[PDB]
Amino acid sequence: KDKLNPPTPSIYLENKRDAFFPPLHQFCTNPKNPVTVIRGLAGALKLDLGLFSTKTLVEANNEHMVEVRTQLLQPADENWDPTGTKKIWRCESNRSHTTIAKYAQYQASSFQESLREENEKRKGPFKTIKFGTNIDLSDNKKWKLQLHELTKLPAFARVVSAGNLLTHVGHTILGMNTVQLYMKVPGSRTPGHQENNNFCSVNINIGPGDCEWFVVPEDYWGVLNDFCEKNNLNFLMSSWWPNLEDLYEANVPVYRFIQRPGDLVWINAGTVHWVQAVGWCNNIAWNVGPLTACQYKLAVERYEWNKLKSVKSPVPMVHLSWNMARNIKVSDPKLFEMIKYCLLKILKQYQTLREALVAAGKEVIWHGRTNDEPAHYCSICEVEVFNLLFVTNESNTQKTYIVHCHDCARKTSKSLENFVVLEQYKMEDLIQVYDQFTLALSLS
């Protein structure tokens, strides 16, 4: 079908007015648009992209860490097995570390070398390339001018804003509410994925070269999960590059487009995507969580799915849900009912566990909390642990407070005789927050 190759939802900005025009924000967060390409964004705002050039980055922090992926240079939109016999989903992508200064040297010599081949005149085997990915730009003292430039964006796309759920988590989540940088040569690939806990994402191409994007709507993700499983791949943990002919056969629509320097790509919640550099360029990216029923719903879904698959959730959705109820006036009835439902479930589970402990003669110790203290995860299984913390007698005395969930503590110590139970919130107080959480009136 032509319907299997749909057009790209696109918007063309000329000036600051187009960029701050409220219908732009509405268009991006509309569930019907899996992706929005905002063309000419940096030009419209007069953003100085030179602050993110490789020359500038070397001058700023030349010894900064870079994660290196070593890959094969594949043709166009395909992925072949090493021998060049057939197209397969598994990608080769070996990891190591380098510095900005050393990768910059490779990026430049790569370009010079291709200029020479181009002046040498006239199925693989395939060449090896290196991709510099996941560069951490969270430190405001090291990247002051870079981070300040991104505050020039319209509020809905900023790393920090009052309407961003990730701003309401209350603590740093590396690479989600902090910026990541990518340094590339032609063929550099980001393999197939959904964002952490299905949060929206923003990506800006610094240039000077182009990137090519491939996008599949959220509601087809189960089909791609099946494909991975049938090819001995973990959808969440493995590196895979979809065979477009497999997808077409399975009637999965694929959005395909070019991202030019200064173009901003908005990836909506749960949208599946993979990317390759066409030329030499850098990119920057981070996550955003719009206050919509759609975003909250997909975030909760992936949170629960990650438990089944034994994968850690970077976003602590229990911690976040209480913060929303404490600090955010919710005027959408669907969104309000979703949050209320979740809090009620947390509250009942917490009540059940607490009374089981008390009925069995186990002391609950009042421990309390520091404000802005991050959520806790189980030191063994990495599930989020809220309020009732399980700590060993020894870690307690030493004041190390190494957190365990109830299930892991039990599996170790049958009657919890090796543990103490710490409580961070009084029950009356959580009941109060829940009770005072009501639907606000908005006429919008």
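Don't overthink the numbering: it's just position in the shown sequence, from 1. Throughout, rigid core stands for the largest set of C-alpha atoms superposing within 1.5 Å between the two forms.
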| query | finding |
| --- | --- |
| Of 279 to 287 and 368 to 376, which departs more from this form in 7 other deposited structures of this protein by CA RMS after core fitting | 368 to 376 |
| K144 dropped in a third or more of the other entries | no |
| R189 dropped in a third or more of the other entries | no |
| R122-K123 interval: deposited residues absent from the model | 10 or more |
| 279 to 287 or 167 to 175, whichever carries the higher mean Cα B-factor | 167 to 175 |
| Stretch with the greater mean C-alpha B-factor as recorded in the entry, comparing 138 to 146 against 206 to 214 | 138 to 146 |
| Of the residues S321, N371, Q194, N268, the one carrying the largest Cα B-factor as recorded | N371 |
| Residue with highest C-alpha B-factor in the PDB entry, from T56, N418, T397, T36 | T397 |
| Ranked against its chain, the third holding the CA B-factor of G50 | middle |
| Chain third (lowest, middle, highest) by recorded CA B-factor, residue given as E428 | highest |
| Ranked C-alpha temperature factor of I129 among modelled chain residues, by third | lowest |
| Lowest, middle or highest third - CA B-factor, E14 | middle |
| Within-chain third of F27 by Cα B-factor, per the entry | lowest |
